[PDB]
């Protein structure tokens, strides 16, 4: 099934992400809320782009049931950032890191090409990760740095009750997508690239 092949083909990349110096240090308590806020600022940039691509692909009629708007993170992230930074001044201060420029550019290509299989790869890499492991990240930000849960809205998924069920249903939708061999290969390759972009975001944050 596609859900298994996605997980298997990116498992090593996921381990690599876990072991990133920046993200590792953040989750171990060695950094602080400032660095967490820098991460979330970069995330706002790439989630904004991702959600434009999701919107385009949803409108095309591809993977509709998968592309649940309840998953949208950009607006929630903006509210988190208003809290983390104390005002909305971050909007004019923030700049996309080189990593984020590449990631956003790719997302804009997917949006404008209305490339459904590529979009689904990106959707899986970000949202299933958020749904599945986000609670661990949120917990660590609360534990090590005292971040208020009200500033961790990104991790909450308002609108979803039974999360396990939601995850299982998400995987079933992946498995039920109609894809050619070319589309499936493209989707798998793109998921790998999605991990690569996300790792580099961490690498750039560390610099």
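Residue numbers count along the first chain shown, from 1. For the two forms, the rigid core is made up of the largest set of C-alpha atoms that agree within 1.5 Å on superposition.
- Per-stretch RMS Cα distance to the displayed form in 5 other deposited structures of this protein, following rigid core alignment, is highest for 131-139 when 131-139 and 73-81 are compared.
- Remark: when the other structures in 5 other deposited structures of this protein are fitted onto this one via the rigid core, 18-26 deviates more than the alternative among 189-197 and 18-26, judged by RMS CA distance.
- Here the stretch with the larger average CA B-factor, out of 118-126 and 73-81, is 73-81.
- Taking only CA atoms, the mean B-factor in the PDB entry is higher for 144-152 than for the other of 144-152 and 49-57.
- The PDB entry assigns the greatest CA B-factor among 41, 169, 35, 68 to 169.
- The entry assigns its greatest Cα B factor, within the set 131, 110, 137, 96, to 96.
- Among the modelled residues of its chain, residue 179 has a C-alpha B-factor that falls in the highest third, as given in the PDB entry.
- Ranked by C-alpha B-factor against the other modelled residues of its chain, residue 188 falls in the middle third.
- In the deposited entry, the Cα temperature factor of residue 9 places it in the highest third of its chain's modelled residues.
- Per-chain ranking of the deposited C-alpha B factor places residue 20 in the highest third.
- Compared with the other modelled residues of the chain, the Cα B-factor recorded for residue 26 ranks in the lowest third.
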